[PDB]
Amino acid sequence: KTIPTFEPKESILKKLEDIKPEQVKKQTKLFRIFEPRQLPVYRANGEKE
Amino acid sequence: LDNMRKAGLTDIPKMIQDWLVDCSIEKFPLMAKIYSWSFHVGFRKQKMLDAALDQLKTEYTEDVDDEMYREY
């Protein structure tokens with residue numbers, strides 16, 4: 001019998017003694033956004049070096 | 001009462017039919033008497049299976065509310 005699947009939201013709780021304090025962040029790699037890259041280059045008149 | 005007659009009952013529809021003209025409570029104990037004459041005919045000791053299938057018939061649908069079940 002295919003019973004339907006009623007899922008509440010259930011709002012998962014704790015109590016104060018069971019609140020874990022924190023875990024400190026030690027740093028990983030240096031958080032880059034940019035990187036270098038070789039590209040070709042083209043002298044004026046358009047042609048290439 | 002039509003089902004009652006279709007089963008083969010004549011006098012007891014008549015007692016239930018002639019009472020409705022007044023619907024009085026003084027003649028009414030007859031009904032109560034009748035309501036007890038039904039349970040002195042016996043048990044319907046049928047099989048465990050077919051008696052369960054009076055209960056084990058299900059029609060479950062994905063068309064009911066959710067506003068209702070969540071409040072429930």
# chains A, B, ... in the order shown; residues from 1 in each chain; ligands from 1

$ interface_residues --of "chain B" --to "chain A" --cutoff "8 Å" --atoms "only C-alpha atoms" --output "ChimeraX atom specification"
/B:60-62,70

$ write_last_selection --atoms "N, CA, C and O atoms" --output "PDB file, in the first residue's frame"
ATOM      1  N   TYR B  60      -5.896   6.474  -0.737  1.00  0.00           N
ATOM      2  CA  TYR B  60      -4.951   7.492  -0.315  1.00  0.00           C
ATOM      3  C   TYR B  60      -4.544   8.308  -1.528  1.00  0.00           C
ATOM      4  O   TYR B  60      -4.225   7.746  -2.580  1.00  0.00           O
ATOM      5  N   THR B  61      -4.559   9.629  -1.370  1.00  0.00           N
ATOM      6  CA  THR B  61      -4.607  10.546  -2.492  1.00  0.00           C
ATOM      7  C   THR B  61      -3.685  11.718  -2.227  1.00  0.00           C
ATOM      8  O   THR B  61      -3.559  12.177  -1.090  1.00  0.00           O
ATOM      9  N   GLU B  62      -3.044  12.193  -3.287  1.00  0.00           N
ATOM     10  CA  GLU B  62      -2.232  13.404  -3.243  1.00  0.00           C
ATOM     11  C   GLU B  62      -3.031  14.605  -3.728  1.00  0.00           C
ATOM     12  O   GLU B  62      -2.596  15.360  -4.597  1.00  0.00           O
ATOM     13  N   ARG B  70      -1.232  19.997   8.626  1.00  0.00           N
ATOM     14  CA  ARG B  70      -0.230  20.660   9.444  1.00  0.00           C
ATOM     15  C   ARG B  70      -0.842  21.210  10.722  1.00  0.00           C
ATOM     16  O   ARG B  70      -0.273  21.055  11.810  1.00  0.00           O
TER      17      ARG B  70
END

$ residues_around --residues "range 5-22 of chain B" --least-positions-apart "5" --cutoff "10 Å" --atoms "only C-alpha atoms" --output "JSON, numbers by chain"
{"B": [27, 28, 30, 31, 34]}

$ residues_around --residues "residue 40 in chain A" --least-positions-apart "3" --cutoff "10 Å" --atoms "only C-alpha atoms" --output "list in words"
residues 37, 48 and 49 of chain A

$ atom_distance --atom1 "CA of residue 65 in chain B" --atom2 "CA of residue 52 in chain B"
28.5 Å

$ select_by_dssp --residues "chain B" --states "helix (DSSP H, G or I)" --output "MDAnalysis selection string"
chainID B and resid 2:7 11:19 29:37 48:52 67:71

$ atom_distance --atom1 "CA of residue 35 in chain B" --atom2 "CA of residue 23 in chain B"
16.2 Å
